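Taking it in order: structure first as structure tokens, then the write-up.
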Amino acid sequence: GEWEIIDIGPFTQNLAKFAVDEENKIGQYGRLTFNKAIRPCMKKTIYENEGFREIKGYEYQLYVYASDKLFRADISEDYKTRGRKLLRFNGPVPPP
Ligand code: NA
């Protein structure tokens, strides 16, 4: 796997909103209201360990404000299926 920083544009906001929608499902923090994703945001790309460079999927580490509290979410995304899942949702944490 390899990590990069990526911008906080619409695609990232969607991921962050997706983290908040999943967490609301979970209910651990009660009812959260998505605010925005903020920098810094990281993306991991995972390959197959081969040499044909076959992408398996992706992982993201995001900072996200919901209900004016800052959280750190980890999301995974499958390359072929385009399905996503919320791995971890933590905080509140201090600003980076
Ligand atoms: Na805010």
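Chain identifiers are assigned as A, B, and so on, following the order in which chains appear in the structure tokens; residues are numbered from 1 within each chain, and ligands are numbered from 1 in order of appearance.
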
| query | Hey, what's within 7 Å of residue A:43 if we count only C-alpha atoms and toss same-chain stuff fewer than 5 positions away? As a count of residues only, please? | reply | 7

| residue A:94 surroundings by only C-alpha atoms, 10 Å radius, close-in-sequence under 5 positions cut, as a ChimeraX atom specification | /A:69-72

Restrict the calculation to only C-alpha atoms and all ligand atoms, then for each residue of chain A with any atom at most 8 Å from an atom of ligand 1 give the closest atom pair and their distance in Å to one decimal, rows by chain and rising residue number, as a Markdown table.
```
| residue | atom | partner | partner_atom_place_in_ligand_line | distance |
| --- | --- | --- | --- | --- |
| A:35 | CA | ligand 1 | 1 (Na) | 5.6 |
| A:36 | CA | ligand 1 | 1 (Na) | 6.7 |
| A:65 | CA | ligand 1 | 1 (Na) | 5.7 |
| A:66 | CA | ligand 1 | 1 (Na) | 7.3 |
| A:67 | CA | ligand 1 | 1 (Na) | 7.5 |
| A:68 | CA | ligand 1 | 1 (Na) | 4.9 |
| A:69 | CA | ligand 1 | 1 (Na) | 7.5 |
```

Go ahead and save the residues from that selection, with N, CA and C atoms, as a PDB file, in the first residue's frame.
```pdb
ATOM      1  N   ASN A  35     -20.872  18.465   9.177  1.00  0.00           N
ATOM      2  CA  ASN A  35     -20.506  19.839   8.875  1.00  0.00           C
ATOM      3  C   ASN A  35     -19.608  19.913   7.621  1.00  0.00           C
ATOM      4  N   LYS A  36     -18.388  19.384   7.716  1.00  0.00           N
ATOM      5  CA  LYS A  36     -17.454  19.433   6.600  1.00  0.00           C
ATOM      6  C   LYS A  36     -16.227  18.570   6.873  1.00  0.00           C
ATOM      7  N   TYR A  65     -15.793  17.407  10.871  1.00  0.00           N
ATOM      8  CA  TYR A  65     -16.639  18.047  11.865  1.00  0.00           C
ATOM      9  C   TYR A  65     -18.064  17.610  11.674  1.00  0.00           C
ATOM     10  N   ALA A  66     -18.667  17.114  12.744  1.00  0.00           N
ATOM     11  CA  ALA A  66     -20.094  16.858  12.752  1.00  0.00           C
ATOM     12  C   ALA A  66     -20.575  17.437  14.069  1.00  0.00           C
ATOM     13  N   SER A  67     -21.728  18.102  14.060  1.00  0.00           N
ATOM     14  CA  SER A  67     -22.240  18.740  15.272  1.00  0.00           C
ATOM     15  C   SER A  67     -21.156  19.534  15.978  1.00  0.00           C
ATOM     16  N   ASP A  68     -20.296  20.192  15.204  1.00  0.00           N
ATOM     17  CA  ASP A  68     -19.253  21.072  15.747  1.00  0.00           C
ATOM     18  C   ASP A  68     -18.247  20.377  16.654  1.00  0.00           C
ATOM     19  N   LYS A  69     -18.092  19.076  16.466  1.00  0.00           N
ATOM     20  CA  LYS A  69     -17.038  18.339  17.136  1.00  0.00           C
ATOM     21  C   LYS A  69     -16.178  17.666  16.076  1.00  0.00           C
TER      22      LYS A  69
END
```

| query | Residues at most 10 Å from residue A:87, counting only C-alpha atoms, excluding those fewer than 6 positions away in the same chain, as an NGL selection string? | reply | :A and (19 or 22-23 or 59-61 or 73-76)

| message | I'd like the neighbourhood of stretch 24-29 of chain A as an NGL selection string, where a residue qualifies if any of its atoms comes within 10 Å (using only C-alpha atoms), though same-chain residues fewer than 3 positions away should be ignored. | response | :A and (18-21 or 32-34 or 86 or 89-92)

Go ahead and save the picked residues with N, CA, C and O atoms, as a compact mmCIF listing (two decimals), in the first residue's frame.
```txt
# COMPACT_ATOMS: atom_id res chain seq x y z
N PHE A 18 -20.28 10.49 3.96
CA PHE A 18 -20.52 9.06 4.05
C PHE A 18 -20.07 8.48 5.39
O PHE A 18 -20.72 7.59 5.92
N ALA A 19 -18.97 8.99 5.94
CA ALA A 19 -18.54 8.58 7.28
C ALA A 19 -19.57 8.95 8.34
O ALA A 19 -19.80 8.19 9.27
N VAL A 20 -20.19 10.12 8.19
CA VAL A 20 -21.17 10.60 9.16
C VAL A 20 -22.47 9.84 9.03
O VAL A 20 -23.09 9.50 10.01
N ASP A 21 -22.88 9.55 7.80
CA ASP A 21 -24.08 8.75 7.60
C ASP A 21 -23.95 7.33 8.17
O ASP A 21 -24.90 6.81 8.74
N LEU A 32 -25.41 12.72 14.97
CA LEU A 32 -24.44 13.67 14.44
C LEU A 32 -24.94 14.40 13.20
O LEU A 32 -25.63 13.82 12.36
N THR A 33 -24.57 15.67 13.06
CA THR A 33 -24.94 16.42 11.88
C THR A 33 -23.71 16.83 11.10
O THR A 33 -22.94 17.68 11.54
N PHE A 34 -23.51 16.23 9.94
CA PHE A 34 -22.31 16.50 9.16
C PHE A 34 -22.09 18.00 8.92
O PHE A 34 -23.01 18.71 8.53
N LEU A 86 -17.27 2.10 6.59
CA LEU A 86 -16.70 2.85 7.69
C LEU A 86 -15.98 1.88 8.61
O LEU A 86 -16.61 1.03 9.21
N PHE A 89 -14.43 5.37 13.61
CA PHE A 89 -14.88 6.74 13.84
C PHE A 89 -14.50 7.16 15.27
O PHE A 89 -15.07 6.66 16.23
N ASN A 90 -13.56 8.09 15.40
CA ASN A 90 -13.07 8.48 16.73
C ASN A 90 -13.09 9.97 17.06
O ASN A 90 -12.97 10.83 16.19
N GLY A 91 -13.20 10.25 18.36
CA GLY A 91 -13.09 11.60 18.88
C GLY A 91 -14.12 11.87 19.97
O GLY A 91 -14.73 10.95 20.48
N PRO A 92 -14.33 13.16 20.29
CA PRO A 92 -13.66 14.28 19.62
C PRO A 92 -12.14 14.31 19.83
O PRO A 92 -11.64 13.86 20.86
```

| Residues flagged strand (DSSP E) by DSSP in stretch 48-91 of chain A, as JSON, numbers by chain | {"A": [55, 56, 57, 58, 59, 60, 61, 62, 63, 64, 65, 66, 69, 70, 71, 72, 73, 74, 75, 76, 77, 78, 84, 85, 86, 87, 88, 89, 90]}

Let's have the selection written as a CSV table (one decimal), in the first residue's frame, with N, CA, C and O atoms.
```csv
chain,number,residue,atom,x,y,z
A,55,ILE,N,-5.2,-2.9,-9.0
A,55,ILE,CA,-5.7,-2.2,-7.8
A,55,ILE,C,-6.7,-3.1,-7.1
A,55,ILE,O,-7.7,-3.6,-7.7
A,56,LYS,N,-6.6,-3.3,-5.8
A,56,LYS,CA,-7.6,-4.0,-5.0
A,56,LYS,C,-8.6,-3.0,-4.4
A,56,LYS,O,-9.8,-3.3,-4.4
A,57,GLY,N,-8.1,-1.9,-4.0
A,57,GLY,CA,-9.0,-0.9,-3.4
A,57,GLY,C,-8.3,0.3,-2.7
A,57,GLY,O,-7.1,0.5,-3.0
A,58,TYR,N,-9.0,1.0,-1.8
A,58,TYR,CA,-8.4,2.2,-1.2
A,58,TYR,C,-8.8,2.3,0.2
A,58,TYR,O,-9.7,1.7,0.7
A,59,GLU,N,-8.1,3.2,1.0
A,59,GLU,CA,-8.4,3.5,2.3
A,59,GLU,C,-8.2,5.0,2.6
A,59,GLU,O,-7.3,5.6,2.0
A,60,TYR,N,-9.1,5.6,3.4
A,60,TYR,CA,-9.0,7.1,3.6
A,60,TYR,C,-8.9,7.3,5.1
A,60,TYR,O,-9.6,6.7,5.9
A,61,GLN,N,-8.1,8.3,5.5
A,61,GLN,CA,-8.1,8.8,6.9
A,61,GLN,C,-8.5,10.3,6.8
A,61,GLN,O,-7.8,11.1,6.4
A,62,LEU,N,-9.7,10.5,7.3
A,62,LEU,CA,-10.3,11.9,7.2
A,62,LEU,C,-10.5,12.6,8.6
A,62,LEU,O,-10.8,11.9,9.6
A,63,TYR,N,-10.4,13.9,8.6
A,63,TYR,CA,-10.9,14.7,9.7
A,63,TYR,C,-12.2,15.3,9.3
A,63,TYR,O,-12.4,15.9,8.3
A,64,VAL,N,-13.2,15.1,10.2
A,64,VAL,CA,-14.6,15.6,9.9
A,64,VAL,C,-15.3,16.2,11.1
A,64,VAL,O,-15.4,15.6,12.1
A,65,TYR,N,-15.8,17.4,10.9
A,65,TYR,CA,-16.6,18.0,11.9
A,65,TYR,C,-18.1,17.6,11.7
A,65,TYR,O,-18.6,17.7,10.6
A,66,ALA,N,-18.7,17.1,12.7
A,66,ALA,CA,-20.1,16.9,12.8
A,66,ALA,C,-20.6,17.4,14.1
A,66,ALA,O,-19.9,17.3,15.1
A,69,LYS,N,-18.1,19.1,16.5
A,69,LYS,CA,-17.0,18.3,17.1
A,69,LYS,C,-16.2,17.7,16.1
A,69,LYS,O,-16.7,17.2,15.0
A,70,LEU,N,-14.9,17.6,16.3
A,70,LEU,CA,-14.0,17.1,15.3
A,70,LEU,C,-13.7,15.6,15.5
A,70,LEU,O,-13.4,15.1,16.6
A,71,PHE,N,-13.9,14.8,14.4
A,71,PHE,CA,-13.7,13.4,14.5
A,71,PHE,C,-12.7,12.9,13.4
A,71,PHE,O,-12.5,13.6,12.4
A,72,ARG,N,-12.2,11.7,13.6
A,72,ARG,CA,-11.2,11.1,12.7
A,72,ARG,C,-11.9,9.8,12.2
A,72,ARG,O,-12.1,8.9,13.0
A,73,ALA,N,-12.2,9.8,10.9
A,73,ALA,CA,-12.8,8.6,10.4
A,73,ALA,C,-11.8,7.9,9.4
A,73,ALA,O,-11.0,8.5,8.7
A,74,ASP,N,-11.9,6.5,9.4
A,74,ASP,CA,-11.2,5.7,8.4
A,74,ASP,C,-12.2,5.0,7.6
A,74,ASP,O,-13.0,4.2,8.1
A,75,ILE,N,-12.1,5.1,6.3
A,75,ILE,CA,-13.0,4.5,5.3
A,75,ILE,C,-12.3,3.6,4.4
A,75,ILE,O,-11.1,3.9,4.0
A,76,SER,N,-12.9,2.5,4.0
A,76,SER,CA,-12.3,1.7,2.9
A,76,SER,C,-13.2,1.7,1.7
A,76,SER,O,-14.4,1.9,1.8
A,77,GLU,N,-12.6,1.5,0.5
A,77,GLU,CA,-13.4,1.4,-0.7
A,77,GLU,C,-12.8,0.3,-1.6
A,77,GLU,O,-11.6,0.3,-1.9
A,78,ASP,N,-13.7,-0.5,-2.1
A,78,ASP,CA,-13.4,-1.6,-3.0
A,78,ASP,C,-13.3,-1.2,-4.4
A,78,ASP,O,-14.2,-0.5,-4.9
A,84,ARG,N,-18.2,0.9,-0.3
A,84,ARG,CA,-17.4,1.6,0.8
A,84,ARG,C,-17.8,1.1,2.1
A,84,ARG,O,-18.9,0.6,2.3
A,85,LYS,N,-16.9,1.1,3.1
A,85,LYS,CA,-17.3,0.9,4.5
A,85,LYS,C,-16.6,1.8,5.5
A,85,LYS,O,-15.4,2.1,5.3
A,86,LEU,N,-17.3,2.1,6.6
A,86,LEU,CA,-16.7,2.8,7.7
A,86,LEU,C,-16.0,1.9,8.6
A,86,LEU,O,-16.6,1.0,9.2
A,87,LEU,N,-14.7,2.0,8.7
A,87,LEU,CA,-13.8,1.2,9.6
A,87,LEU,C,-13.8,1.7,11.0
A,87,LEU,O,-14.1,0.9,11.9
A,88,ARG,N,-13.5,3.0,11.2
A,88,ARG,CA,-13.3,3.6,12.5
A,88,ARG,C,-13.8,5.0,12.5
A,88,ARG,O,-13.7,5.7,11.5
A,89,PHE,N,-14.4,5.4,13.6
A,89,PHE,CA,-14.9,6.7,13.8
A,89,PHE,C,-14.5,7.2,15.3
A,89,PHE,O,-15.1,6.7,16.2
A,90,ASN,N,-13.6,8.1,15.4
A,90,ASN,CA,-13.1,8.5,16.7
A,90,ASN,C,-13.1,10.0,17.1
A,90,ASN,O,-13.0,10.8,16.2
```

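When atom CA of residue A:82 is paired with atom CA of residue A:16, their separation reads 15.9 Å.
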
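Across the structure, atom CA of residue A:39 and atom CA of residue A:13 are spaced 10.8 Å apart.
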
| task | Among the residues of stretch 10-74 of chain A, find those DSSP assigns to helix (DSSP H, G or I) from the backbone and print them as a PyMOL selection string. | result | chain A and resi 10-26

| task | Would you work out the distance separating atom CA of residue A:41 from atom CA of residue A:17, expressed in Å to one decimal? | result |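 Separating atom CA of residue A:41 from atom CA of residue A:17 is a distance of 13.7 Å.
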
| query | For residue A:44, which residue out of A:83, A:95, A:1, A:9 is the nearest one, using only C-alpha atoms? | reply |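 Among the listed residues, the smallest separation from residue A:44 belongs to A:1.
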